[PDB]
Ligand SMILES: Nc1ncnc2c1ncn2[C@@H]1O[C@H](COP(=O)(O)O)[C@@H](OP(=O)(O)O)[C@H]1O
């Protein structure tokens with residue numbers, strides 16, 4: 001039960017819905033950034049040393065350790081979508097010859113606005129302290145941000161670029177999606193546009209369309225922000241105690 005699908009789509013291109021559509025088909029786990037956050041936070045440093053290696057170019061000896069860490073991380077998983085893995089799709093291809101590649105795309109301008117509200121907001125965007133704060137509540141360190149911005153640099157194949165540049169991102173986003181359709185043979189690749197549904201995915205994977213189930217539409221703007229402000233408003237039990245001792249505790253002043 002090794003890798004069968006490689007999700008090269010970038011964040012906010014429908015990577016969680018694709019994840020869920022693959023687990024419905026194969027009934028096996030699919031890797032995702034939310035796996036790291038909610039279950040395997042110990043994989044952050046692994047992905048980091050893997051990204052440190054790719055900062056410089058790799059000796060043949062170097063790449064075998066890359067392939068040996070990717071097998072460790074992705075063992076037991078049938079597929080992989082989202083960052084930081086979508087950037088390693090070339091290494092995953094040579095490594096799993098019987099694995100196909102799916103590329104989720106959407107309108108480049110719709111992606112940017114979404115990409116700015118959820119993933120990486122402009123460092124002046126007031127919504128910065130919000131995304132960063134729920135990270136702290138979930139136990140995400142400075143090294144998480146490190147591993148996240150670095151994986152972006154790797155996926156776009158650019159040592160650094162001013163990420164506060166909307167047009168720069170578009171040029172990187174358009175490039176990446178273009179270079180994926182060039183490096184990967186058409187017979188091994190599928191380009192899944194938002195809303196394509198089961199038919200293409202299932203024909204390209206040679207499986208039955210799941211019966212009675214509807215193609216996922218998860219991780220929408222509405223639900224990501226609602227869950228965000230829900231965690232910001234969350235109250236630790238230790239916090240509830242302090243607020244109770246001011247109502248009911250003996251009052252000193
Ligand atoms: N089956 C589906 N059909 C239509 N839109 C979908 C969809 N699945 C995801 N989307 C949209 O893709 C984005 C989520 O991508 P990801 O899972 O990689 O984070 C969201 O964009 P919005 O910002 O417009 O809500 C979501 O609404």
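Bear in mind these aren't lab numbers, they're just calculated from the coordinates by the rules spelled out.
What does the helix-only formula give at 222 nm for the chain: each DSSP H stretch with n ≥ 4 adding -39500 (n - 2.57), the total divided by the residues, and the result rounded to the nearest 500 deg cm²/dmol?
Estimated from H runs of four or more residues: -16500 deg cm²/dmol.
Taking the square roots of 5 times each eigenvalue of the Cα gyration tensor of region 88-158, largest first, gives ellipsoid semi-axes of 28, 17, 11 Å. Is the shape of region 162-253 best called rounded, prolate or oblate, per the rule: a/c under 1.5 gives rounded, else a/b larger than b/c gives prolate, else oblate, with a ≥ b ≥ c the square roots of the Cα gyration tensor eigenvalues? Taking the square roots of the gyration eigenvalues as a ≥ b ≥ c, region 162-253 is oblate.
Can you compute the equivalent ellipsoid semi-axes for the chain, i.e. the square root of 5 times each eigenvalue of the Cα gyration tensor, sorted largest first and rounded to whole Å?
The answer is 34, 22, 19 Å, longest axis first.
Along its principal axes, region 1-114 has C-alpha extents of 40, 33, 28 angstrom, given from the largest down. Between region 14-76 and region 89-147, the C-alpha centres lie 14 angstrom from each other.
Between the helical axis of 221-232 and the longest alpha-carbon principal axis of the chain there is an angle of about 40 degrees. Once the Cα atoms are used to define both axes, helix 60-74 deviates from the longest principal axis of the chain by about 60 degrees. Helix 142-156 against the longest principal axis of the chain: what's the angle in degrees, Cα atoms only, rounded to the nearest 10? The angle comes out at about 30 degrees. Considering only beta bridges that DSSP places wholly inside the chain, some 0 percent are antiparallel.
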